[PDB]
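Peer 1: Take this structure, written in structure tokens, and hold onto it; I'll ask about it next.
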Amino acid sequence: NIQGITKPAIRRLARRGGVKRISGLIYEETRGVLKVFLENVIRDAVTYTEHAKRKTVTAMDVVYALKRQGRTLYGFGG
Amino acid sequence: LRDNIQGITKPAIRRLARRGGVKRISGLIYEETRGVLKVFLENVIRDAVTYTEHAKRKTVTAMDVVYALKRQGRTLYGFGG
Amino acid sequence: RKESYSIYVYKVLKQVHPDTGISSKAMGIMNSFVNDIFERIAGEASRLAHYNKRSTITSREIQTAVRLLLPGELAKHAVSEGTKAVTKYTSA
Amino acid sequence: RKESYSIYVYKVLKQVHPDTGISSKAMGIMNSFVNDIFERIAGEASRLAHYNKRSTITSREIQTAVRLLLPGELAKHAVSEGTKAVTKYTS
Amino acid sequence: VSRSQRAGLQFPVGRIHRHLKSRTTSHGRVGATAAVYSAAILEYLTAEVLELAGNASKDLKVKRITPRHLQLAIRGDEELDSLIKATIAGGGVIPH
Amino acid sequence: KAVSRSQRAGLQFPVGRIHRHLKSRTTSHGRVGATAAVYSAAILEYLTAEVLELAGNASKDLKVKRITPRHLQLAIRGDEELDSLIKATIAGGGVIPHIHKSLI
Amino acid sequence: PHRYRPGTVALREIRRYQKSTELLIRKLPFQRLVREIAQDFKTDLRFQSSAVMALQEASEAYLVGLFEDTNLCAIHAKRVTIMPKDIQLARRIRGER
Amino acid sequence: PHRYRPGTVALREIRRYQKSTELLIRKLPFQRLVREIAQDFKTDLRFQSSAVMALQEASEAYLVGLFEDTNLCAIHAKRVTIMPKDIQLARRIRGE
DNA sequence: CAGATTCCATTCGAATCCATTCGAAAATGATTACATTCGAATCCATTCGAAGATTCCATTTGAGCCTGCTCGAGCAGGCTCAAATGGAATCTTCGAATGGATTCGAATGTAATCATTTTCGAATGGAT
DNA sequence: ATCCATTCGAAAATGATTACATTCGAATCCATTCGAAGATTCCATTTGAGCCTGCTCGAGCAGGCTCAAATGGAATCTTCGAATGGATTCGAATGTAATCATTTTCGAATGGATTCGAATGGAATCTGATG
């Protein structure tokens, strides 16, 4: 399912970042980095969900997990 | 007191670089090091003096420095806590 | 029921820019910003009170928390505004 | 008079290594370490209690707060030790 | 004769007093002029941010305010950039 | 007679003092259970024992009888989890020797 | 036939994707990836739409910042092409490695 | 006359200063610098000795870490000499 | 072959561990309320299935712009030595500043009774 | 054309005023640590100057490899619609944490006796550099 983050999507993100030329081995590295970040955040989101004896992951769990990580986000209830 | 930043000599910077693991050093590194040291010291001393002034005192203690360092994100173990 | 800072943000906006509106998403962002700053100031004031072996929180704690948290040239104006408000409150 | 964690640190050390001593500066470092970890756990537990609109603090809050801020196998082993201690205490 | 009107503000003083009283450890008291100071600080910061965003909107020839304007205003000021390091959902990036 | 709570739990760190310390950090109206202290004491004792064991091994390597901050730094920075947890500065530790291969 | 030199369309794409504010990863693949990752921690989970939206926004911001730092590292070594070593150096200096 | 090729004594000092634990700056010049810097915030201050020593320890640790990052940046560009560009890039990536 | 670094011997001096007096605080026992847990009753809001026009994506080809390797010149940092300098270190005195006690006097919380004030319903004409 | 930002009406929290009761933190005095200012030496550390070598920079070639364009065609998006699953609220009945009053066990500060690492004094290898 990590192969559904295609090559044009990475090209678009790199273009918005300011990159002019891209190598050919960048895509696997980017996929690994994204997977690590996502796992780190979802672990804490699920911990927050489990403490409250719920079965649904809400937006507030994600907001709290991000604020814990040091990546505060504005516009989603906090 | 004037031009006291020149007491951070060139041998001292060379020793800090050696402990950092540096084999060769350019000739213009020393002024950059002095500038960065001055900026760091200014920030920390400003916060420490604020902490001292709040308590209606005239002596700067070790705990004000420890609290300021924890504020900047540079916790230090050994002088209190 | 659910309390928020929408009415006061709208009042301030009508005070500064009398001809401009604001959408919903910008309002949500402003609410988040206000909550964040308030929590920061309150935490710092509690720590300051703890360090000095006090129990009451006064305007000195708030002034020192503002001085510690806000960058320069933003602390001067905030301190002046707070001092003016407190003096006007006491005199009246 | 002031409080410190020196007695218990020395007891644990004599439990682990029965023929190795400690100096006086290492004692200060251990004191600072213990105080830091305690303050972290207490703050996280207070926030967790606040989120769910409850006033009391229980071992559930402490267990969840340990599951955060503790990495890897440290969290598993710490949770095991705490659960064993509580189970022994209540009985 | 409300406290906010006596101090000359728009943000609430009673509500902020109630909020401050609930974050003061155990057996902790809160003065009556801490609320006034806090309200003044919050109102000042809000007015500054709104003024910058409205100036940007007037530059862009629109009437309302969108998260794009807030991101443009915050990223263009050194002090506001230093104070606010969060993510504005819907702003993008500043061209460079 | 009287039996201490740490003896019932089977620990060395104090349960009563930690309970008294926890009760002082609860915001406004806040109660603290009696089994939060047991959990906290167990956690602190476990972490202390782990760090002390690693430091004692590091000291034993160098044929020295006592523990100094140098051994604390060597023990902490050689473990991945302890390095990740503790990011503070140890006054008297120095740096771990390491020279790049390109410089040699 | 008309052709373009390599390097101008790249600048056009840079301007186009820096002037906008939309999202750049498609939604269904990201949703599937998020669910698959989260199934390792607990089985039979449910999500809200806002949770997935927050995760997507955070991920995109993180990747864009990382690519800016990578470009700085590539320029340092007298190149215009970014390689994996630049990503590794940026992540090592930042504190993630 | 006996001479050493350029680069051997450098490795000897690297090992010597990485094996030890003491401080590397003189104490009197640093204390004078601290007092002069603090002169600008409040006149007629007093300092404990522990305050000065804490400041010295923090400063030394900061500089050593910065030099490690600078060496990484210098190795990236296929060099063994460190220059101001490496310091600037290292401080820029760390968000300083 | 001349320099530098790792081993063992010996006496010394700074440093840790054990012993004592006693205050600050922890454990026991009743008595109260306060907060958390255990059943129903709506009723939103997440998951699953279907249809399809279209727009993103994947594959192949051609070629020229970017990167990598070799070579020569020069230039800027390392190494050695003599002369001078400013830190360390060991007392002496003095004076500026905390920190603890005992009264007071300013200021906050608690309890009732109003008299506001903000949040929840639709309703439209207006920037995008 | 279409989505949405500002108004209008009511009702249930919830601030605002008056009157104590009492924590709590200003105002003066007194001790003592503690930091600042002087004075006098060795001796180790810093500062220039000369010499020479190795590392950095720039140029001419060659091979590698990323980008731009055209053709299928596939799979994300939008709309519709049941089935039902799980958060959320409202009551009684419990579980347990707080608050006094005693009694005594425990940990903090001050003294005193080994003892174990911190400077010398060497000897034995290890290694580097020119031949």
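By order of appearance in the structure tokens: chains A, B, ..., then residues from 1 within every chain, and ligands from 1 in the order shown.
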What residues in chain F have any atom no more than 12 Å from chain G when counting only C-alpha atoms, and can you write them as JSON, numbers by chain?
Peer 2: {"F": [80, 84, 87]}
Peer 1: Restrict the selected residues to N, CA and C atoms and save them as an mmCIF file, in the first residue's frame.
Peer 2:
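To be explicit, this is the file written out as out-v4.cif:
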```
data_model
loop_
_atom_site.group_PDB
_atom_site.id
_atom_site.type_symbol
_atom_site.label_atom_id
_atom_site.label_comp_id
_atom_site.auth_asym_id
_atom_site.auth_seq_id
_atom_site.Cartn_x
_atom_site.Cartn_y
_atom_site.Cartn_z
ATOM 1 N N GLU F 80 20.954 2.732 23.434
ATOM 2 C CA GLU F 80 20.061 3.474 22.549
ATOM 3 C C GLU F 80 18.878 4.062 23.311
ATOM 4 N N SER F 84 18.124 7.951 24.192
ATOM 5 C CA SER F 84 16.905 8.591 23.706
ATOM 6 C C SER F 84 16.129 9.255 24.838
ATOM 7 N N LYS F 87 18.446 13.421 27.534
ATOM 8 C CA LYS F 87 19.096 14.339 26.606
ATOM 9 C C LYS F 87 19.761 15.505 27.327
#
```
Peer 1: May I have a table of the residues of chain D lying at most 9 Å from chain F, giving each one's closest pair of atoms and their distance in Å to one decimal, counting only C-alpha atoms, ordered by chain and ascending residue number, as a tab-separated table?
Peer 2:
```
residue	atom	partner	partner_atom	distance
D:5	CA	F:13	CA	8.3
D:7	CA	F:13	CA	8.9
D:8	CA	F:13	CA	5.7
D:9	CA	F:48	CA	7.4
D:11	CA	F:12	CA	7.3
D:12	CA	F:49	CA	6.3
D:13	CA	F:52	CA	6.6
D:15	CA	F:49	CA	8.7
D:16	CA	F:53	CA	6.4
D:17	CA	F:56	CA	7.1
D:19	CA	F:65	CA	7.9
D:20	CA	F:65	CA	5.6
D:21	CA	F:66	CA	4.5
D:22	CA	F:67	CA	4.7
D:23	CA	F:67	CA	6.0
D:24	CA	F:68	CA	8.4
D:25	CA	F:69	CA	6.9
D:26	CA	F:69	CA	5.4
D:29	CA	F:90	CA	7.4
D:30	CA	F:48	CA	8.1
D:33	CA	F:86	CA	8.5
D:34	CA	F:44	CA	7.0
D:37	CA	F:44	CA	7.8
D:38	CA	F:44	CA	7.7
D:41	CA	F:40	CA	8.3
D:42	CA	F:22	CA	7.1
D:43	CA	F:25	CA	8.0
D:46	CA	F:26	CA	6.7
D:54	CA	F:30	CA	8.8
D:55	CA	F:30	CA	5.1
D:56	CA	F:31	CA	4.7
D:57	CA	F:32	CA	4.9
D:58	CA	F:33	CA	5.3
D:59	CA	F:36	CA	4.7
D:60	CA	F:36	CA	8.3
D:61	CA	F:36	CA	8.3
D:62	CA	F:36	CA	6.5
D:63	CA	F:39	CA	7.8
D:66	CA	F:43	CA	8.5
D:69	CA	F:85	CA	7.9
D:70	CA	F:85	CA	7.1
D:71	CA	F:81	CA	6.5
D:72	CA	F:81	CA	7.0
D:73	CA	F:81	CA	8.3
D:74	CA	F:81	CA	7.4
D:77	CA	F:46	CA	8.6
D:78	CA	F:43	CA	5.8
D:79	CA	F:43	CA	7.8
D:81	CA	F:42	CA	6.4
D:82	CA	F:39	CA	4.8
D:83	CA	F:39	CA	7.2
D:84	CA	F:42	CA	9.0
D:85	CA	F:9	CA	5.6
D:86	CA	F:38	CA	6.1
D:87	CA	F:9	CA	8.5
D:88	CA	F:9	CA	5.9
D:89	CA	F:9	CA	4.5
D:90	CA	F:9	CA	8.3
```
Peer 1: What residues in chain H lie within 10 Å of chain I, counting only C-alpha atoms (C1' of nucleotides), written as a list in words?
Peer 2: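 Here is what falls inside 10 Å: residues 1, 2, 3, 4, 5, 6, 7, 9, 10, 26, 27, 28, 29, 46 and 81 of chain H.
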Peer 1: Limited to N, CA, C and O atoms, could you put the picked residues into a file as a PDB file, in the first residue's frame?
Peer 2:
```
ATOM      1  N   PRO H   1      67.754  17.621  12.279  1.00  0.00           N
ATOM      2  CA  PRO H   1      66.596  17.933  13.122  1.00  0.00           C
ATOM      3  C   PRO H   1      65.398  17.032  12.834  1.00  0.00           C
ATOM      4  O   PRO H   1      65.128  16.706  11.679  1.00  0.00           O
ATOM      5  N   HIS H   2      64.688  16.643  13.889  1.00  0.00           N
ATOM      6  CA  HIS H   2      63.556  15.735  13.777  1.00  0.00           C
ATOM      7  C   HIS H   2      62.274  16.529  13.560  1.00  0.00           C
ATOM      8  O   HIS H   2      62.005  17.495  14.281  1.00  0.00           O
ATOM      9  N   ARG H   3      61.492  16.123  12.563  1.00  0.00           N
ATOM     10  CA  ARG H   3      60.228  16.764  12.242  1.00  0.00           C
ATOM     11  C   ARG H   3      59.165  15.703  12.009  1.00  0.00           C
ATOM     12  O   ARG H   3      59.470  14.566  11.644  1.00  0.00           O
ATOM     13  N   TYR H   4      57.913  16.088  12.222  1.00  0.00           N
ATOM     14  CA  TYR H   4      56.768  15.224  11.985  1.00  0.00           C
ATOM     15  C   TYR H   4      55.998  15.725  10.771  1.00  0.00           C
ATOM     16  O   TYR H   4      55.860  16.935  10.570  1.00  0.00           O
ATOM     17  N   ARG H   5      55.512  14.794   9.957  1.00  0.00           N
ATOM     18  CA  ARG H   5      54.735  15.166   8.789  1.00  0.00           C
ATOM     19  C   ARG H   5      53.411  15.796   9.217  1.00  0.00           C
ATOM     20  O   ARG H   5      52.845  15.428  10.249  1.00  0.00           O
ATOM     21  N   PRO H   6      52.898  16.755   8.441  1.00  0.00           N
ATOM     22  CA  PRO H   6      51.681  17.465   8.854  1.00  0.00           C
ATOM     23  C   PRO H   6      50.459  16.568   8.941  1.00  0.00           C
ATOM     24  O   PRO H   6      49.955  16.098   7.918  1.00  0.00           O
ATOM     25  N   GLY H   7      49.966  16.338  10.156  1.00  0.00           N
ATOM     26  CA  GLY H   7      48.755  15.564  10.338  1.00  0.00           C
ATOM     27  C   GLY H   7      48.831  14.480  11.393  1.00  0.00           C
ATOM     28  O   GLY H   7      47.816  13.855  11.708  1.00  0.00           O
ATOM     29  N   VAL H   9      50.575  14.924  14.681  1.00  0.00           N
ATOM     30  CA  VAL H   9      50.346  15.572  15.964  1.00  0.00           C
ATOM     31  C   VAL H   9      48.886  15.972  16.103  1.00  0.00           C
ATOM     32  O   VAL H   9      48.345  15.976  17.210  1.00  0.00           O
ATOM     33  N   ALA H  10      48.214  16.277  14.990  1.00  0.00           N
ATOM     34  CA  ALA H  10      46.791  16.597  15.051  1.00  0.00           C
ATOM     35  C   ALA H  10      45.980  15.424  15.584  1.00  0.00           C
ATOM     36  O   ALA H  10      45.109  15.603  16.442  1.00  0.00           O
ATOM     37  N   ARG H  26      40.283  29.151  29.819  1.00  0.00           N
ATOM     38  CA  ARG H  26      40.728  29.735  31.075  1.00  0.00           C
ATOM     39  C   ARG H  26      39.541  30.340  31.818  1.00  0.00           C
ATOM     40  O   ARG H  26      38.522  30.689  31.220  1.00  0.00           O
ATOM     41  N   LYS H  27      39.673  30.451  33.139  1.00  0.00           N
ATOM     42  CA  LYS H  27      38.546  30.832  33.984  1.00  0.00           C
ATOM     43  C   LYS H  27      38.407  32.342  34.151  1.00  0.00           C
ATOM     44  O   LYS H  27      37.296  32.879  34.066  1.00  0.00           O
ATOM     45  N   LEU H  28      39.515  33.031  34.408  1.00  0.00           N
ATOM     46  CA  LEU H  28      39.469  34.479  34.602  1.00  0.00           C
ATOM     47  C   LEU H  28      38.960  35.227  33.375  1.00  0.00           C
ATOM     48  O   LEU H  28      38.087  36.102  33.534  1.00  0.00           O
ATOM     49  N   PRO H  29      39.450  34.970  32.152  1.00  0.00           N
ATOM     50  CA  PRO H  29      38.869  35.656  30.986  1.00  0.00           C
ATOM     51  C   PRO H  29      37.386  35.394  30.792  1.00  0.00           C
ATOM     52  O   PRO H  29      36.641  36.315  30.432  1.00  0.00           O
ATOM     53  N   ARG H  46      25.901  41.048  41.361  1.00  0.00           N
ATOM     54  CA  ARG H  46      26.846  40.166  42.022  1.00  0.00           C
ATOM     55  C   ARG H  46      26.633  38.751  41.512  1.00  0.00           C
ATOM     56  O   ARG H  46      25.523  38.375  41.134  1.00  0.00           O
ATOM     57  N   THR H  81      39.209  20.312   5.603  1.00  0.00           N
ATOM     58  CA  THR H  81      39.278  21.621   6.234  1.00  0.00           C
ATOM     59  C   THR H  81      37.873  22.143   6.499  1.00  0.00           C
ATOM     60  O   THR H  81      36.975  21.975   5.672  1.00  0.00           O
TER      61      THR H  81
END
```
Peer 1: Report, in Å with one decimal, the straight-line distance from CA of residue 46 in chain G to CA of residue 50 in chain A.
Peer 2: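 Between CA of residue 46 in chain G and CA of residue 50 in chain A the gap is 12.2 Å.
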Peer 1: Distance limit 10 Å, atoms considered: only C-alpha atoms (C1' of nucleotides). Which chain J residues sit that close to chain A? Return them as a ChimeraX atom specification.
Peer 2: /J:65-67,86-87
Peer 1: Please list as a ChimeraX atom specification every residue within 12 Å of range 16-22 of chain J, counting only C-alpha atoms (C1' of nucleotides) and excluding residues in the same chain fewer than 2 positions away.
Peer 2: /E:1-3,14 /I:107-116 /J:14,24
Peer 1: Fewer than 3 positions away in the same chain doesn't count, so skip those; otherwise give me all residues within 9 Å of residue 82 in chain H, counting only C-alpha atoms (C1' of nucleotides), as a list in words.
Peer 2: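 What passes the distance filter is residues 22, 23, 24, 25, 26 and 29 of chain B; 70, 71, 73, 74, 75, 79, 85, 86 and 87 of chain H.
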Peer 1: Please check the contacts: residues of chain C at most 10 Å away from chain J, using only C-alpha atoms (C1' of nucleotides), listed as an MDAnalysis selection string.
Peer 2: chainID C and resid 1 21:24 54:56
Peer 1: Can you pull out every residue within 9 Å of residue 34 in chain G, counting only C-alpha atoms (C1' of nucleotides), but drop anything in the same chain fewer than 2 positions away, and send it as number ranges by chain?
Peer 2: A: 38-39, 42; G: 29-32, 36-39, 52, 55
Peer 1: Please write the residues from the selection above to a file, keeping N, CA, C and O atoms, as a CSV table (one decimal), in the first residue's frame.
Peer 2:
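Final output, saved to result_13.csv:
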```csv
chain,number,residue,atom,x,y,z
A,38,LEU,N,4.6,8.3,9.9
A,38,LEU,CA,3.2,8.0,10.1
A,38,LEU,C,3.1,7.0,11.3
A,38,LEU,O,2.2,7.1,12.1
A,39,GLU,N,4.0,6.0,11.4
A,39,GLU,CA,3.9,5.0,12.5
A,39,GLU,C,4.1,5.7,13.8
A,39,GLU,O,3.4,5.5,14.8
A,42,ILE,N,0.8,7.6,14.6
A,42,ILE,CA,-0.4,6.8,14.8
A,42,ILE,C,-0.3,6.0,16.1
A,42,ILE,O,-1.3,5.7,16.8
G,29,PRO,N,-5.6,6.4,-1.8
G,29,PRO,CA,-4.4,5.7,-1.4
G,29,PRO,C,-3.9,6.0,0.0
G,29,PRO,O,-3.4,5.1,0.7
G,30,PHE,N,-3.9,7.3,0.4
G,30,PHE,CA,-3.4,7.7,1.7
G,30,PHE,C,-4.3,7.1,2.8
G,30,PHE,O,-3.8,6.7,3.8
G,31,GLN,N,-5.6,7.1,2.6
G,31,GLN,CA,-6.5,6.5,3.6
G,31,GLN,C,-6.2,5.0,3.7
G,31,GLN,O,-6.2,4.5,4.9
G,32,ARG,N,-6.0,4.3,2.6
G,32,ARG,CA,-5.7,2.9,2.7
G,32,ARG,C,-4.4,2.6,3.5
G,32,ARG,O,-4.3,1.8,4.3
G,36,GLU,N,-3.9,0.6,7.0
G,36,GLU,CA,-3.0,-0.6,7.1
G,36,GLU,C,-1.9,-0.4,8.2
G,36,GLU,O,-1.6,-1.3,8.9
G,37,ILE,N,-1.4,0.8,8.3
G,37,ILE,CA,-0.4,1.1,9.3
G,37,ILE,C,-1.0,0.9,10.7
G,37,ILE,O,-0.4,0.3,11.6
G,38,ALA,N,-2.2,1.5,10.9
G,38,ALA,CA,-2.8,1.5,12.2
G,38,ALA,C,-3.3,0.1,12.6
G,38,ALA,O,-3.6,-0.1,13.8
G,39,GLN,N,-3.5,-0.8,11.7
G,39,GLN,CA,-4.0,-2.2,12.1
G,39,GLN,C,-2.9,-3.0,12.8
G,39,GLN,O,-3.2,-4.0,13.4
G,52,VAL,N,-8.1,11.6,9.3
G,52,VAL,CA,-7.3,11.4,8.1
G,52,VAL,C,-6.9,12.7,7.5
G,52,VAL,O,-5.8,12.8,7.0
G,55,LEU,N,-4.0,14.1,9.5
G,55,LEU,CA,-2.8,13.3,9.2
G,55,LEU,C,-2.2,13.7,7.8
G,55,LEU,O,-1.0,13.9,7.7
```
Peer 1: List the neighbours of range 99-104 of chain I out to 10 Å using only C-alpha atoms (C1' of nucleotides); skip same-chain residues closer than 5 positions along the sequence, and give me the result as a PDB file with C-alpha atoms (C1' of nucleotides), in the first residue's frame.
Peer 2:
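The file below, result-v1.pdb, is the result:
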```pdb
ATOM      1  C1'  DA J  26       4.518  43.749  54.085  1.00  0.00           C
ATOM      2  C1'  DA J  27       7.731  46.514  57.775  1.00  0.00           C
ATOM      3  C1'  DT J  28      11.566  46.708  61.151  1.00  0.00           C
ATOM      4  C1'  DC J  29      15.485  44.626  63.366  1.00  0.00           C
ATOM      5  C1'  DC J  30      19.567  41.545  63.966  1.00  0.00           C
ATOM      6  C1'  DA J  31      23.200  38.065  63.051  1.00  0.00           C
ATOM      7  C1'  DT J  32      26.397  35.526  59.812  1.00  0.00           C
TER       8       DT J  32
END
```
Peer 1: Would you please work out which residue, of C:68, C:43, C:60, C:82, is nearest to chain F when using only C-alpha atoms?
Peer 2: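 Of C:68, C:43, C:60, C:82, the one nearest chain F, counting only C-alpha atoms, is C:43.
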Peer 1: Hey, which of E:71, E:13, E:25, E:40 ends up closest to chain D? Count only C-alpha atoms.
Peer 2: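 Looking only at the distances to chain D, the closest residue turns out to be E:25.
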Peer 1: Using only C-alpha atoms, determine which residues of chain A fall within 9 Å of chain E; present them as a list in words.
Peer 2: residues 16, 17, 18, 71, 72, 73, 74, 75 and 76 of chain A
Peer 1: Between B:28, B:10, B:80, B:75, single out the one closest to chain F, counting only C-alpha atoms.
Peer 2: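 The shortest atom-to-atom distance to chain F comes from B:75.
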Peer 1: Can you write out as JSON lines which residues of chain G fall within 12 Å of chain H, alongside each residue's closest atom pair and its distance in Å to one decimal, counting only C-alpha atoms and ordering rows by chain and ascending residue number?
Peer 2:
```
{"residue": "G:65", "atom": "CA", "partner": "H:93", "partner_atom": "CA", "distance": 10.6}
{"residue": "G:66", "atom": "CA", "partner": "H:93", "partner_atom": "CA", "distance": 10.1}
{"residue": "G:67", "atom": "CA", "partner": "H:93", "partner_atom": "CA", "distance": 11.9}
{"residue": "G:68", "atom": "CA", "partner": "H:93", "partner_atom": "CA", "distance": 9.9}
{"residue": "G:69", "atom": "CA", "partner": "H:93", "partner_atom": "CA", "distance": 6.7}
{"residue": "G:70", "atom": "CA", "partner": "H:93", "partner_atom": "CA", "distance": 9.7}
{"residue": "G:71", "atom": "CA", "partner": "H:93", "partner_atom": "CA", "distance": 11.2}
{"residue": "G:72", "atom": "CA", "partner": "H:89", "partner_atom": "CA", "distance": 8.1}
{"residue": "G:73", "atom": "CA", "partner": "H:89", "partner_atom": "CA", "distance": 8.2}
{"residue": "G:74", "atom": "CA", "partner": "H:77", "partner_atom": "CA", "distance": 9.6}
{"residue": "G:75", "atom": "CA", "partner": "H:77", "partner_atom": "CA", "distance": 10.1}
{"residue": "G:76", "atom": "CA", "partner": "H:77", "partner_atom": "CA", "distance": 7.2}
{"residue": "G:77", "atom": "CA", "partner": "H:77", "partner_atom": "CA", "distance": 5.0}
{"residue": "G:78", "atom": "CA", "partner": "H:77", "partner_atom": "CA", "distance": 8.3}
{"residue": "G:79", "atom": "CA", "partner": "H:77", "partner_atom": "CA", "distance": 10.5}
{"residue": "G:85", "atom": "CA", "partner": "H:76", "partner_atom": "CA", "distance": 8.7}
{"residue": "G:86", "atom": "CA", "partner": "H:76", "partner_atom": "CA", "distance": 8.8}
{"residue": "G:87", "atom": "CA", "partner": "H:76", "partner_atom": "CA", "distance": 11.9}
{"residue": "G:88", "atom": "CA", "partner": "H:76", "partner_atom": "CA", "distance": 10.8}
{"residue": "G:89", "atom": "CA", "partner": "H:73", "partner_atom": "CA", "distance": 8.1}
{"residue": "G:90", "atom": "CA", "partner": "H:93", "partner_atom": "CA", "distance": 7.2}
{"residue": "G:91", "atom": "CA", "partner": "H:93", "partner_atom": "CA", "distance": 9.4}
{"residue": "G:92", "atom": "CA", "partner": "H:69", "partner_atom": "CA", "distance": 9.1}
{"residue": "G:93", "atom": "CA", "partner": "H:69", "partner_atom": "CA", "distance": 6.7}
{"residue": "G:94", "atom": "CA", "partner": "H:94", "partner_atom": "CA", "distance": 5.6}
{"residue": "G:95", "atom": "CA", "partner": "H:94", "partner_atom": "CA", "distance": 8.4}
{"residue": "G:96", "atom": "CA", "partner": "H:94", "partner_atom": "CA", "distance": 11.4}
```
Peer 1: Just how far from CA of residue 42 in chain H is CA of residue 45 in chain C, in Å to one decimal?
Peer 2: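 Going from CA of residue 45 in chain C over to CA of residue 42 in chain H, I get 22.9 Å.
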